[PDB]
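Coordinate analysis (summary)
Listed below, chain by chain, are the residues.
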Amino acid sequence: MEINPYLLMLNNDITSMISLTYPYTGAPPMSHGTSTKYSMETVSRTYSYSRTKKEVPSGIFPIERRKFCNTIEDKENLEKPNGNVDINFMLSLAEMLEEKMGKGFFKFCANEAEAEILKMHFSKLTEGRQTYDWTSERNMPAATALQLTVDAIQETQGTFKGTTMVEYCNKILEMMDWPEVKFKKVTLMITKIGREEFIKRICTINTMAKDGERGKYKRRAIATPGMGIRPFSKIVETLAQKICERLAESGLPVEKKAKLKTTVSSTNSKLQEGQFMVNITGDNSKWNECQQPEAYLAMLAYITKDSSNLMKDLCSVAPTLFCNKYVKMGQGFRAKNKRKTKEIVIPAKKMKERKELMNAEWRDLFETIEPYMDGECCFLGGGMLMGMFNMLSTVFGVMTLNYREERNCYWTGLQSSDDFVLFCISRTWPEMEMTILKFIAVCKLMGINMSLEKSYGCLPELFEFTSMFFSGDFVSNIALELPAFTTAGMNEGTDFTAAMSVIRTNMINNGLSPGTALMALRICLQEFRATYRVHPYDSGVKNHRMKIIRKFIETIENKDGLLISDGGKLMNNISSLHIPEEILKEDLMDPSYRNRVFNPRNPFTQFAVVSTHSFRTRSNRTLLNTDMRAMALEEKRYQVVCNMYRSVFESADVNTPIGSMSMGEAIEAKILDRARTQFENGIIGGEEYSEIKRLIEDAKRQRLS
Amino acid sequence: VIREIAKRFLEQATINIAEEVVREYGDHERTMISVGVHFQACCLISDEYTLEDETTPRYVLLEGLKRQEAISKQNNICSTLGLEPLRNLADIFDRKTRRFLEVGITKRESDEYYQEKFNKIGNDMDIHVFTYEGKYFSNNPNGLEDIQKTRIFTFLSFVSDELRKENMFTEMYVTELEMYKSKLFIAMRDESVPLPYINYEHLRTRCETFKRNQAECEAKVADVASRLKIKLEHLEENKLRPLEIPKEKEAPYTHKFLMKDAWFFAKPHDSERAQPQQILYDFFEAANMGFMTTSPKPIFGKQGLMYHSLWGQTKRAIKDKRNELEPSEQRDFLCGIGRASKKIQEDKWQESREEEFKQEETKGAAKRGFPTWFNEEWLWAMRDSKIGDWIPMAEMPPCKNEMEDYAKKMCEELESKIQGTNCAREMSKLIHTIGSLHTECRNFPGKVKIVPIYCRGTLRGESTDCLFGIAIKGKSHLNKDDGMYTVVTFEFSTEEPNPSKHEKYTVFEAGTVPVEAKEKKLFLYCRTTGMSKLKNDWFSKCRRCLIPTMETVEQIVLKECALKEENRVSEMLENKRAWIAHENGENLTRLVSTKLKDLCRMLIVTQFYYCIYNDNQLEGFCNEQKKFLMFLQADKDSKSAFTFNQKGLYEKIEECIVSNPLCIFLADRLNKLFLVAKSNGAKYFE
Amino acid sequence: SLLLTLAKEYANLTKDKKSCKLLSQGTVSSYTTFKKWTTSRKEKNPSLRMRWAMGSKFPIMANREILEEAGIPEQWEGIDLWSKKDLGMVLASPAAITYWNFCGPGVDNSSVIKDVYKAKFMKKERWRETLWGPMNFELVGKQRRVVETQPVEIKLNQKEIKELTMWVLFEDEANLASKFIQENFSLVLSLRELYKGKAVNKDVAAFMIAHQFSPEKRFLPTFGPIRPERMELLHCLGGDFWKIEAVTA
RNA sequence: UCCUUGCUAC
RNA sequence: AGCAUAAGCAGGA
């Protein structure tokens, strides 16, 4: 007898048997070794999609520049994806866009955008993902790379007094006008760098391999920018964020389920006696190699035509930084002999000199990228990689969906980052061929290439949008990630309540039927108990932590008031996912047990739930044996100074500490201020006031010298 | 020098304090004179007054001060007596009148400026407006004036006559949209314009003076004509052909352990003897290894003598009750020691003429065929095993009169099916064995340990533990998330081997076992393999495979009441069929319907297989089978779907099927789904 | 006498040579980017390194002088609780945590614990005193809203709260004085009749103020009435294919 | 030129 | 040998 698990779909829908088709209970595939060939494929595939050879020499950079707009060599293979934008066509689409809703549309959204830019502090740049530090040329979090940037500013020329967005951006442009920039290398020596090399280094974007992407066969290279591109990109993402929040054909901020009901219901009420509707799910292919920033420069020159003089030149800098970006090409490749015994390593630097030790695909991809290679980097000038403008291309999609040709056959739909749903209304099937080929015509001219392999359609609503397969009436939910239930891993107190918070937030947002909630609650309970080696008292587990509990169980009177981390049973349920375990169980604890656990005179905690099991595990051992020991000394110094600033201002972690003078002078003036206020209504003693005054003056003469 | 012009009539302390305030504000020069006039005039107000007063005088001078502290002392006085400001800061603090005092100085008429600040704050604070020309329009209450006013208009006449003698009138003005126009950036922005433009100025003016035309549609239709793209229907050209399963050598058994061919020795579980090395010892006395004699000539395989000496060495190692293999040639050959290339950096290379000619070359992955053994392990894996509970689950919480009973009922019923199957035995095998291997890989790098391969289950109520094999670690120095350390697995089986299925094994013989219903054979298997850090993290938590399964089942049940609006759950899990398992000789409308509850058994099986055989091929194949499921749902309701390019689609599906047995198996069952659905709907082939 | 200690600490930290180049060279706001210098990348596997942490014998850093006042070096059968390896902080085992929890001293602090967490005990007190009924098994579903989800009686909008704690806890560096103060300054008098003398630290005090004044308004799919009391009853009352509500009071 | 060692409880 | 899949691990200081 054979067996087939797909047969349940013979009398069901694709809204119930579709979570069965996700391999989300297994490990995601990771990358191995160097990531050079993927970056070569991306850049060389972009130049293959350039559709031109019109090169222009450069005076700033020592490499040639290929153009990407209005220079087309029309091949006969037009179904192949193109990367060439017609600017008069897309500006005609923008003029066609603003004539649909309002008159002062871009002026209103630009005034709200600049209204939010002027009240923004630059410490928001530290609340982000990883960035690229060009000082040591590695990947670091945002606060570390920002503080190394400000360290290079205050080390090179002068100090920093900005504390705003605009003065920091103007500080970066002033760094572009500088002839020599000095920073620190490693054991902290001080090195220098010129002017053109600082331009070559400020526009370097580091590529690596995308790890853990469910749904692809071949891997892909993700890119991370530096620090001097992040505030300008934040400005553009605020502008396009307000533009996408004002529109009615986008789904990035999110409701994504009411909009499709209003456009299916609203466009099914606009049919004639013989017309009908066909929807098409598509997928825009090669989305990161066909979005050129020059069309972003033209459109962002068109949006802010009447905004200001600050915003008009402030929203026209990040596309200019995207037209001349460098690309790190990984870390090279490896060669070996015939016996596979000794394997030398060739880095990204000496790849030109060791060119004749490569493969056929490595030399094919390498000779099509050779006249654009720098020593370490490459000069891509038309690409828009991952980790960049994502709310601005959706506006291009809404511009493709708002085309008007003048019958009464047209289209509408909904746009995402690279997933569209197109609704067509027409009368006959060759007219459907005409309208769909007109949609491929307008998207093909503007620079959006629909994939002919991953697109289909039906007459009623049976479409697909952001992995939610919508049937004719019902809605399936997103197949969520499984390991996100247990990723706290910090404490015996902030794991199970964090797990109930994750189960609660996945219950409110997604469907998450109650049997799955109780089952995932019990499995997270079991992984909690298996993690921290704590079992209930009536079990037969005899380890080094259940011997004390089993020995001392006679002292506890009420046995079901113990905590789960102390060998208690379960009292939380589906209707208790918002109350923590300790606060639910403090109505039943013994007073010796409750007064013994919750004692703040404990050797573990001293030096959002109740902190009574909160311990800190020990640190590592190889953090003080490599060459990066002194940096850990520097974070020790930073924690000391932050402890002093905590010792001066008693309420500083509540409000954001703005100010632009210094830290120590606010300390000294604050100790003098509270020394006078606590002097005249308080102290009164000459030796104390004279001794504190003597220590402030001696510390000030010590600090100034 | 404007400073020396000032110091002829400006005070000496106001240089340092007022210049310090200008250093607080920014980089300006006329604000030195502005804070000089305002602050010096406020010093003239507080010059000779307060003959007799309280401990603190009548006037308090805090306008010219370090700009952090007028608010704080304003809070010490306004918090002492009880007052409240009105979004404004005051010049001189008065306590005789219990109000504020704010002074403005202008060159224009004193009417308009009082309408400005009075238009701002009204009659809340006290406003006094002064003029160099001698105008005065201020608030209605007054004080002890015509003494301070005479000297302050005398001083404004003095400095005003100094400005008449020095001609500085436009420089004496009291109180954003500029970007720093740099040099290399304007040379960069004009370089990165589109090709029909010269500078950014011409592009900005043409974008500011743009109107559209009707040459748009001519370019659009001119893009329509040179296209050659037709859509492909399905009711007339139903070319949904079955997929290309490779007709090559059969795909082997690639799982790390043995599922269907396992054999376990049992003993009652001791609570004191619970560590894995103690379970290893108590099964060395329990399962008699003195009768575990092996011949040095295997049935088939690759390496015979090294596994014989390795099994003898680990057998005398377990015999001496310590788990540490002393270094011999067998372990130095099997678990990789010294088998790594010499990673030489590019600082010394010492090139030789035509000697050590080095290059690189990559190959890819080889292709295999349809596995025939997978159906018997599917039907074996969902069959009930008498050993009962395998999975270490947890306790059930108490319930209110809410919906919780329903949830509890579902969980209890589903757990009552899934604890007895053999998939629970394999999940317990992976959890205990790979968990013990995980703790051994943390605690002892650089040392080869011995980890048993075992389970724990309840036999007739008596809690017992099993023993399925002997695992050997490979001195895992887990630096990164990769590393792929070498595990040497000695397995226990009781069936005759197969060179098609057990292709990677090195099957020896073990002996005889009495099996009561007579005394059958016993085959010991050998296999070297590898693990990593990530598969240790994911395999040791396979209990989460229980999480989606019930969800799927519960959706069906909920949709039933979503069509009926009546509490039919207990009888609906009994009087409902579910189609599975068509036969082999015929397929067409010959399906086996089972109960809805037993279906969950089959479902946990495929979830467990998604834990094992996850590769790239299963990911891409799951995307493309979601596409074909959308096509089949488009067939089920007669919606007349259509496609634009089928050929490259089948080149991607037939691209992403190479060697995974689950991917080839689900491809075959997808083709058989196309046959059974082809018996009713017309969009497919045979 | 705290200003003498702060003078000894400020003079102690200005004694260092290369530490003087740190302060009086940055800004006040740079403290924020002085707070975060996490040189680790992401701590990408917390539960993995936590299970690797708990598998050892002494994973925990614990204080010496508090634990040696009452604790015992080894338990009654081979259970290790102490080390001598290393500031004077000594490694330990979680068997000393549960040994502290069962064989240690106790200090009565139930009033402070039952006064810091008044919102959560209010959640349990409102949860215990409700009544349920039968289910419905019907189709249900509606859009996403912005709903205040806490039964507070003050209803501030996250702007008078930070300013309020500046004008309650520490007014010496509080804020520029706004017009939002007046009636809330009478409320400042009422709060200064409460938070004057307590053993509660100012970070915990500023924590516990912000849970009785802040209606947490979120963007959640709601259906039926939009009462703020039944918003922890959002996920318990109904899902997508079922509904249970019979609340009388 | 050299091979230091962490003590495992579903 | 093996894990693995377009390139790495199978010690290093």
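Residues numbered from 1 in each chain as written, not as in the entry; some residues may be left out. Chains lettered and ligands numbered in written order. Heavy atoms only, no water. Residues with missing side-chain atoms left out of burial classes, pairs and counts.

Taken together, 25 residues form the shell around RNA strand D, and within it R533(A), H544(A), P392(B), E440(B) and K57(C) come nearest. Put simply, 42% of the atoms of RNA strand D that lie within 4 Å of the protein are in sugar or phosphate. In the model, a base nitrogen of RNA strand D is placed 3.3 Å from a nitrogen or oxygen of the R442(B) side chain. Contact distances for RNA strand D include 3.3 Å between a base oxygen and a side-chain N or O atom of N443(B). When residues of the surface near RNA strand D are traced back to their parent elements, those giving at least two are α16 (514-532) of chain A together with α10 (276-286) and α15 (422-443) of chain B. In terms of residues, the surface near RNA strand D owes the most to one element, α15(B), which gives six residues. Here the surface near RNA strand D is built from residues that sort into seven nonpolar, eleven polar and seven charged. (Near = heavy atom within 4 Å. Polar contact = N/O pair within 3.5 Å; in protein donor to acceptor, adjacent residues only side chain to side chain. Helix = DSSP H or I, 4+ residues; strand = E, 2+ residues; numbered from the N terminus. Nonpolar A, V, L, I, M, F, W, Y, C, P; charged D, E, K, R; others polar.)

Taken residue by residue, the interface counts 119 residues in chain A and 106 residues in chain C. Among the elements that make up the side of chain A that touches chain C, the one with the highest residue count is helix α20 (residues 629-648) of chain A (13 residues). For the side of chain A that touches chain C, the residue count by class is 56 nonpolar, 35 polar and 28 charged. (Contact = heavy atoms within 4.5 Å.)

This next bit is on the sheet that holds strand β6 (residues 267-268) of chain B. Backbone hydrogen bonds are what pair the strands of a sheet, in a parallel or an antiparallel way. Residues and elements named next belong to chain B. Ordered by their spatial adjacency, three strands build an open sheet running β6-β10-β9, and the pairing between neighbours is antiparallel. In this open sheet, the two edge strands, each paired with only one partner strand, are β6 and β9 (456-459). Alignment of β9 against strand β10 (residues 462-465), held across four bridges, turns out to be antiparallel. Looking across to β10, one finds that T458 is bridged to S463. (Pairing = 2+ DSSP bridges.)

Time to look at the interface of chain B and chain A. Often the size quoted for an interface is simply the accessible area lost on bringing the parts together. At the junction of the two partners, chain B supplies 152 residues and chain A supplies 164 residues. Linking chain B to chain A there are nine salt bridges. Between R522(A) and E415(B) there is a salt bridge whose closest N-O contact spans 2.7 Å. Looking at which element gives the most residues to the side of chain B that touches chain A, the answer is helix α19 (residues 616-636) of chain B, with 16 residues. Class assignment for the residues of the side of chain B that touches chain A results in 75 nonpolar, 28 polar and 49 charged. Pairing of strand β16 (residues 456-458) of chain A with strand β17 (residues 642-643) of chain B, which is carried by two bridges, proceeds in the antiparallel orientation. Looking at the pairing, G457(A) lines up with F642(B) of β17(B). (Salt bridge = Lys/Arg side-chain N within 4 Å of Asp/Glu carboxyl O.)

In spatial order, the strands read β11(A)-β12(A)-β7(B); together these three strands make up an open sheet with mixed pairing. For this open sheet the edge positions go to β11 (333-336) of chain A together with β7 (342-344) of chain B, each flanked by a neighbour on one side alone. Across the sheet, the axes of successive neighbouring strands diverge by a mean angle of 30°, strand direction being ignored. Looking at chain direction, strand β12 (residues 342-346) of chain A and β7(B) are connected through three bridges and run parallel. Bridge pairing in β7(B) places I344(A) opposite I344(B). (Axes fitted to C-alpha atoms, helices over the stretch in contact; angles between N-to-C directions.)

This next bit is on the domain arrangement of chain A. As far as domains go, chain A holds domain 1 (250-288 + 390-468), domain 2 (483-597) and domain 3 (626-704). The centre of domain 1 of chain A, based on its C-alpha atoms, is set 50 Å off from the matching centre of domain 2 of chain A. (Domains from an automatic or database assignment.)

Roughly 230 Å³ of volume is contained in the largest cavity. A total of three residues in the lining of the largest cavity trace back to one element, the largest contributor, which is helix α17 (residues 546-564) of chain B. A breakdown of the residues in the lining of the largest cavity according to their chemical character gives ten nonpolar, six polar and one charged. When its volume is computed, the second largest cavity comes out at roughly 120 Å³. Along the walls of the second largest cavity sit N75(B), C78(B), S79(B), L83(B), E84(B), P85(B), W167(C), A177(C), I181(C), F185(C) and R192(C), which together make up its complete lining. Of all elements in the fold, only α4 (70-82) of chain B together with α9 (182-192) of chain C reach the threshold of two or more residues within the lining of the second largest cavity. (1 Å grid on protein atoms, 1.4 Å probe; cavity = no way out; pocket = protein on both sides within 12 Å on 5 of 7 lines; lining within 4 Å. Points joined across faces, edges and corners; volume = space filled by probe spheres on them.)

A few words now on the protein's contact with RNA strand E. Near RNA strand E, the surroundings consist of 28 residues, among which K37(A), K218(A), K302(B), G336(B) and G483(B) are the closest. The sugar-phosphate portion of RNA strand E accounts for 51% of its atoms within 4 Å of the protein, the bases making up the rest. Between a phosphate oxygen of RNA strand E and a side-chain N or O atom of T34(A), the distance comes to 3.1 Å. The side chain of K302(B) places a nitrogen or oxygen atom 2.8 Å from a phosphate oxygen of RNA strand E.

Per the stated rule, a full pass over the model turns up 74 salt bridges over all chains. Residues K242(A) and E116(A) are paired through a salt bridge, measuring 3.1 Å at the closest nitrogen-oxygen approach. Residue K348(B) pairs with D347(B) through a salt bridge whose shortest N-O separation is 3.7 Å. Within the structure, one salt-bridge network assembled from shared partners comprises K355(A), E356(A), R363(A) and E367(A).

On to the pairing of β12(A). Moving residue by residue along a regular strand, the side chains alternate between the two faces of the sheet. Residues and elements named next belong to chain A. Bridge count between β11 and β12: four bridges; the pairing is antiparallel. When the bridges of β12 are listed, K336 appears paired with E343. What sits between the antiparallel neighbours β11 and β12 is a turn of five residues, in which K340 has the positive phi angle 55°.

Let us look at the packing of helix α3 (residues 30-45) of chain B against helix α6 (residues 148-166) of chain B. Residues and elements named next belong to chain B. Packing of α3 against α6 brings their axes to within 10 Å, and their N-to-C directions diverge by 150°. Taken together, the axes of α3 and α6 lie roughly antiparallel to each other. The two elements α3 and α6 meet at a crossing, and its hand is right-handed. Every residue of α6 that contacts α3 at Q40, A41, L44 and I45 is listed here: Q148, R151, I152 and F155. Of the residues assigned to the contact of α3 with α6, the class counts are five nonpolar, two polar and one charged. (Parallel < 35°, antiparallel > 145°, perpendicular 65-115°, else oblique. Left-handed = near helix turned anticlockwise from the far one by under 90°.)

All names here are of chain B. By the secondary structure assignment, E24 is in helix α2 (residues 13-25). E24 gets classed as partly exposed once you look at its relative accessible area, which sits at 28%. It is 18 Å that separates the C-alpha atoms of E24 and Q40, two residues lying 16 residues apart in sequence. Not counting chain neighbours up to four residues away, the residues in contact with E24 comprise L65, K66 and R67. Within the structure, the side chain of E24 is placed 3.2 Å from the backbone nitrogen of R67, a separation counted as a polar contact. (Buried < 20%, exposed > 50% of the residue type's maximum accessible area, 1.4 Å probe, protein only.)

Residue and element names in this part refer to chain A. With twelve residues, helix α5 (residues 165-176) should cover 16 Å at 1.5 Å per step; its first-to-last C-alpha distance of 17 Å lies within 8% of that length. Every buried residue belonging to α5 is among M165, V166, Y168, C169, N170, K171, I172, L173, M175 and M176, and all of these are buried. For α5, the N-terminal capping position is held by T164, with its side-chain oxygen 3.4 Å away from the main-chain nitrogen of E167. (Expected span 1.5 Å × (residues − 1).)

On to a negative patch on the surface. Residue and element names in this part refer to chain B. Together, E109, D111, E112 and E116 make up a negatively charged patch on the protein surface. Relative to the elements of secondary structure, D111 occurs in the loop between β3 (102-106) and α5 (112-121). Relative accessible area serves as the criterion here: at 31%, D111 is assigned to the partly exposed category. (Patch = residues over 30% accessible without salt bridge, like charges linked within 9 Å, V, L, I, M, F, W, Y side chains within 5 Å. Areas by Shrake-Rupley, 256 points an atom, 1.4 Å probe, with all protein chains shown as cover. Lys, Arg positive; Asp, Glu negative; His and termini not counted. Charge placed at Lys NZ, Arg CZ, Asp CG, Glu CD.)

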